[PDB]
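**Student:** First to last, the sequence lines map onto chains A, E, H and D.
For the first sequence, the positions run 1286 to 1313, 1323 to 1332 when the authors' numbering is used.
For the second sequence, the positions run 294 to 478, 554 to 867 when the authors' numbering is used.
Residues in the third sequence are numbered from 353 upward in steps of one, following the authors' numbering.
For the fourth sequence, the positions run 437 to 474, 498 to 526 when the authors' numbering is used.
We treat Cβ as the ideally placed atom computed from N, Cα and C, and that holds for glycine.
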Amino acid sequence: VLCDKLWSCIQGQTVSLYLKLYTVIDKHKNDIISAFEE
Amino acid sequence: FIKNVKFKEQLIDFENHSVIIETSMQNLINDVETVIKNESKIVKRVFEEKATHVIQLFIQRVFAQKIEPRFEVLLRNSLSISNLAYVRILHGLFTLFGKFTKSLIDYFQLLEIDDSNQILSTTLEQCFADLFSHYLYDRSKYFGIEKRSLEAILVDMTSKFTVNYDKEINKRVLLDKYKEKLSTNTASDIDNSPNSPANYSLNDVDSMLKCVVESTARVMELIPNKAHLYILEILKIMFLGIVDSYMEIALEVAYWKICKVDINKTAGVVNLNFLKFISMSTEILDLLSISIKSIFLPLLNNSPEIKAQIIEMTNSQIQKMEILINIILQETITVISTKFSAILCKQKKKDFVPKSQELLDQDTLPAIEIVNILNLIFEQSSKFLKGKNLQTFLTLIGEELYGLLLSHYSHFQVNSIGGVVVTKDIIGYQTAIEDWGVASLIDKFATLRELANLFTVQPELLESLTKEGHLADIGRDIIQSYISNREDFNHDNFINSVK
Amino acid sequence: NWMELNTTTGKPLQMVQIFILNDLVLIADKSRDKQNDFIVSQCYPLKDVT
Amino acid sequence: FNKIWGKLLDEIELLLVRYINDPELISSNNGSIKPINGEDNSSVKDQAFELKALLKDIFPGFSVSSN
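See the structure below:
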């Protein structure tokens, strides 16, 4: 209903959190975000 | 293929461009400059056409050799340190591209061909514009992400400036979520001075003016003629940082000092808050007003939307921030007004409801609460605080002390010799409110002094002493009944005068 | 050939041919107007040119 | 649109030319807009920030602020 914009999106883009945070990892090691993201 | 050596950073201070490193490609730019003069003389001899291919394909081989490899490597390393690092060092980096470009202008003058002195020169400047175009002005990378890292350094070095004043001296509601959310629609710290913030002490405004006017100058002179838009963008980000984060955060610092608003018998946390808001006025309002005025006079180029930065950005922060501070000087005026009014009239039933019609003519809680409330209120800071609001602090806070004289001194409800205790305690406050730091009370509390000699209407001193000059601060039919403000009115037939 | 200056900042502006006629001025940016037919005419009359 | 806000343009531009027919032959050719308070180098802008530091001691800075 609303998590599809919010959190079912996040349940459809779960790995895309760290994958989208990797977008700053070529432009301008990876433990404390990609292992223990809470 | 450098690996981003120290240091990296040592450059994020509240100043101009700073420490390491060179460039080290200005090494390579000088090497391409004397290599440029070398192949300039050589190919000047050994060719037929001149710009072809020296300016044509060997300037192309210059930037294709250097500015492709070494300068995008320099963007990779300088950006690989940080953003505002490579924003300021992008201003310095491309400023060095203008340096060596100007060395190709004088080195262009070492050449002597007119179509080469035409846009074949500006082909080298156009490949300089291509090195510009890899981090092009057409995107929000070169300006809006420069404004974003400028917001990183702006909120960083400016929001966390006045550190314990911005965060925190309150919750912070601090009458900005309380009074301005009600009227325009109390102990919070104790007790010294305007001590970073206000403002802080104009040095944070010199810090935010230093770095923010610094990078504002950097993207100003650096970027193209599309400048007044971003000048209104980052200048409105100074309307964030100064007209909102220092008129309503670092002067919500000062309104956490005006979180001692409504300070009735609470004039100790407004004994250090007169100088705090008074120096928000002085440093923040004077320094930010004249500095934003004359600095804005340079900043406006020729536009009439620049007047929308004059009126709606700047002058509506003088009218809007005038609605911020003077309404918090209206409720701070209610803090000192409720202070002297409530606290100075808070004497008990032997002074402020005295029936002592033939005795008790001395000093009491009118003098102790008038000199304590007011002379601990405004003769702590506000006597030496605002000269930035000189006739307003002194003449208007003392004019409300005259209003407080109408609440404490001309409203001291004592009888026919207790009125003489107002003529030694509220006339003992009339000169004392005129020394209490809110000190305009030498004429209207002196009107309460002659009314105090009128409020002592006994059966031998009721008619003409009440009929004196400023003893018409007692009532028109309540001259003889000047102690009708008391328990007993005027001792057996108060009202034999109006007929 | 007066390569003009941005008068406020003191930086350079674009270049301009200075065409001082008998009684009118043509401070014309001929860039990239390589003519000298319809170049950028910062123009006025000389009788009130200051 | 350049009638629908063409005429909304011009009927505005006359309307203020109504309100600046003030009783002087008002002649309406200044353009200054002052708030409540009345280079040619790289670091001269920093000298303008420090000129505001010269304004930071100027004058008091005194004004009126009451309500």
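Could you pull the DSSP bridge partners for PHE371 (chain H) from this structure?
**Tutor:** Here the question's residue 371 (chain H) lines up with position 19 in the third sequence. According to DSSP, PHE371 (chain H) bridges with H:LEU378.
**Student:** Between which residues of its own chain and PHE454 (chain E) is the CB-CB distance below 6 Å, once the five residues before and five after are set aside?
**Tutor:** The residue labelled residue 454 (chain E) in the question sits at position 161 within the second sequence. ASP572, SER575.
**Student:** Among E:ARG586, E:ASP557, E:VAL581, whose alpha-carbon lies nearest the alpha-carbon of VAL621 (chain E)?
**Tutor:** Along the second sequence, read from residue 1 onward, the residue named residue 621 (chain E) stands at position 253. If we check each option's Cα against that of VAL621 (chain E), E:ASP557 comes out closest.
**Student:** Quick check: the segment 790-801 of chain E against the segment 830-847 of chain E, are there 3 or more CB pairs under 8 Å?
**Tutor:** Short answer: they don't touch.
**Student:** So what's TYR396 (chain H) in DSSP terms, helix, strand or just coil?
**Tutor:** Counting from one through the third sequence, the residue named residue 396 (chain H) turns up at place 44. Reduced to three states, the DSSP call for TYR396 (chain H) is strand.
**Student:** Could you list which residues in chain E have their beta carbon closer than 9 Å to that of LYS363 (chain H), in chain order?
**Tutor:** As a working note, residue 363 (chain H) is residue 11 in the third sequence. Within 9 Å Cβ-Cβ: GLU589.
**Student:** Where does the unbroken alpha helix (DSSP H) through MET588 (chain E) begin, and where does it stop?
**Tutor:** Within the second sequence, the letter at position 220 stands for residue 588 (chain E). That run of the alpha helix (DSSP H) goes 571-590.
**Student:** From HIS346 (chain E) to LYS359 (chain E), what does the alpha carbon distance come to, in whole angstroms?
**Tutor:** Numbered from its first residue, the second sequence carries residue 346 (chain E) at position 53. Numbered from its first residue, the second sequence carries residue 359 (chain E) at position 66. Going by the C-alpha atoms only, they are around 17 Å apart.
**Student:** Less than 8 Å between the beta carbons of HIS596 (chain E) and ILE674 (chain E), yes or no?
**Tutor:** Indexing the second sequence from 1 puts residue 596 (chain E) at position 228. Indexing the second sequence from 1 puts residue 674 (chain E) at position 306. Their beta carbons are under 8 Å apart, which means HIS596 (chain E) touches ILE674 (chain E) by this criterion.
**Student:** DSSP has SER522 (chain D) in a bridge; who is on the other side?
**Tutor:** Along the fourth sequence, read from residue 1 onward, the residue named residue 522 (chain D) stands at position 63. Paired residues: E:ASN757.
**Student:** Which residues in chain H have a C-beta closer than 8 Å to the C-beta of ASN669 (chain E)? List them in chain order.
**Tutor:** Reading the second sequence from its first residue, position 301 is the one you call residue 669 (chain E). Ordered by position in chain H, the residues that pass the 8 Å Cβ test against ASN669 (chain E) are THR360.
**Student:** So is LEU372 (chain E) in contact with chain A if we call contact Cβ pairs under 8 Å?
**Tutor:** Here residue 372 (chain E) refers to the residue found at position 79 of the second sequence. Output row for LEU372 (chain E): interface = yes.
**Student:** What's the gap between the Cα of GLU680 (chain E) and the Cα of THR394 (chain E)?
**Tutor:** The residue you call residue 680 (chain E) lines up with position 312 of the second sequence. The residue you call residue 394 (chain E) lines up with position 101 of the second sequence. Roughly 40 Å separates the two Cα atoms.
**Student:** Should the segment 604-612 of chain E be regarded as contacting the segment 458-478 of chain E, the criterion being three or more beta carbon pairs within less than 8 Å?
**Tutor:** Segments in contact, no.
**Student:** Taking only beta-carbon atoms, is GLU690 (chain E) less than 8 Å away from chain D?
**Tutor:** Residue mapping note: residue 690 (chain E) aligns to position 322 of the second sequence, counting from 1. With 8 Å as the cut-off, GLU690 (chain E) counts as an interface residue toward chain D.
**Student:** Strictly under 8 Å for the Cβ-Cβ distance: is residue 952 (chain E) near chain D by that measure?
**Tutor:** Lying outside 294 to 867, the shown extent of chain E, residue 952 (chain E) is not represented and no answer is given.
**Student:** Would you decide whether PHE518 (chain D) is buried or exposed? Buried here means 16 or more other CB atoms lie within 10 Å of its CB.
**Tutor:** Counted from its first residue, the fourth sequence places residue 518 (chain D) at position 59. Counting Cβ neighbours within 10 Å, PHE518 (chain D) comes out exposed, since fewer than 16 surround it.
**Student:** Cβ atoms of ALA618 (chain E) and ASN694 (chain E): under 8 Å apart, would you say?
**Tutor:** Numbered from its first residue, the second sequence carries residue 694 (chain E) at position 326. Numbered from its first residue, the second sequence carries residue 618 (chain E) at position 250. No, Cβ-Cβ distance for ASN694 (chain E) and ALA618 (chain E) is not below 8 Å.
**Student:** Touching or not, the segment 747-758 of chain E and the segment 637-651 of chain E, by the rule of three or more beta carbon pairs under 8 Å?
**Tutor:** Result yes; three or more Cβ-Cβ pairs closer than 8 Å.
**Student:** List, in chain order, every chain D residue whose beta-carbon is nearer than 7 Å to that of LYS661 (chain E).
**Tutor:** Position 293 of the second sequence, counted from the first residue, corresponds to residue 661 (chain E). The contacting residues are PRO471, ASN473.
**Student:** Would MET367 (chain H) be called buried (16 or more neighbouring beta carbons within 10 Å of its own) or exposed?
**Tutor:** Counting from 1 along the third sequence, the entry for residue 367 (chain H) is found at position 15. Per the 10 Å Cβ criterion, exposed.
**Student:** Give the C-beta separation of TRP804 (chain E) and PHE746 (chain E) to the nearest angstrom, bearing in mind that I take them to be a contact with Cβ-Cβ under 8 Å.
**Tutor:** Taking the first residue of the second sequence as position 1, residue 804 (chain E) is located at position 436. Taking the first residue of the second sequence as position 1, residue 746 (chain E) is located at position 378. Contact flag correct, Cβ pair sits at about 6 Å.
**Student:** Given this structure, state the Cα-to-Cα distance separating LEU373 (chain H) from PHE421 (chain E), to the nearest angstrom.
**Tutor:** Mapped onto the third sequence, residue 373 (chain H) falls at position 21. Mapped onto the second sequence, residue 421 (chain E) falls at position 128. Near 37 Å, if we compare the C-alpha coordinates of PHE421 (chain E) and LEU373 (chain H).
**Student:** Any Cβ of chain H within less than 8 Å of the Cβ of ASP499 (chain D)?
**Tutor:** Residue mapping note: residue 499 (chain D) aligns to position 40 of the fourth sequence, counting from 1. Yes, its Cβ sits closer than 8 Å to a Cβ of chain H.
**Student:** List the residues that DSSP assigns as beta-bridge partners of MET355 (chain H).
**Tutor:** Along the third sequence, read from residue 1 onward, the residue named residue 355 (chain H) stands at position 3. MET355 (chain H) is bridged to H:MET367.
**Student:** Nearest CA to the CA of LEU404 (chain E): which residue from E:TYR435, E:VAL336, E:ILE631?
**Tutor:** Here residue 404 (chain E) refers to the residue found at position 111 of the second sequence. The residue with the shortest Cα to Cα distance from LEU404 (chain E) is E:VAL336.
**Student:** Got a sec: is the Cβ-Cβ distance from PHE508 (chain D) to anything in chain E below 8 Å?
**Tutor:** Translated into the one-based positions of the fourth sequence, residue 508 (chain D) becomes position 49. Closer than 8 Å: yes.
**Student:** Report, in whole angstroms, the separation of the C-beta atoms of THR815 (chain E) and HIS838 (chain E), which I expect to be a contact under 8 Å.
**Tutor:** Walking along the second sequence from the start, residue 815 (chain E) turns up at place 447. Walking along the second sequence from the start, residue 838 (chain E) turns up at place 470. About 4 Å; that satisfies the 8 Å criterion.
**Student:** In its own chain, which residues sit with a C-beta less than 8 Å from the C-beta of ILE412 (chain E), not counting the 5 before and 5 after it?
**Tutor:** Start at 1 with the first residue of the second sequence, and residue 412 (chain E) comes out as number 119. So the qualifying residues of the chain are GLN419.
**Student:** Can you tell me where the alpha helix (DSSP H) holding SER476 (chain E) begins and where it ends?
**Tutor:** As a working note, residue 476 (chain E) is residue 183 in the second sequence. From DSSP, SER476 (chain E) is part of no alpha helix (DSSP H); its letter is neither H nor E.
**Student:** List, in chain order, every chain E residue whose beta-carbon is nearer than 9 Å to that of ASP505 (chain D).
**Tutor:** Here residue 505 (chain D) refers to the residue found at position 46 when the fourth sequence is read from its first residue. Neighbours of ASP505 (chain D) on chain E, chain order: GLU308, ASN309, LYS578, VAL581, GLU582, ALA585.
**Student:** Please specify which runs of the alpha helix (DSSP H), each continuous and at least 4 residues long, are wholly inside the segment 402-452 of chain E, giving them in chain order.
**Tutor:** Within the segment 402-452 of chain E, the complete alpha helix (DSSP H) runs of at least 4 residues are 414-426, 437-447.
**Student:** Quick one: list the residues of chain E neighbouring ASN526 (chain D), beta-carbon separation under 8 Å, in chain order.
**Tutor:** Translated into the one-based positions of the fourth sequence, residue 526 (chain D) becomes position 67. In chain order: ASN694, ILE695, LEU697, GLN698, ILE701.
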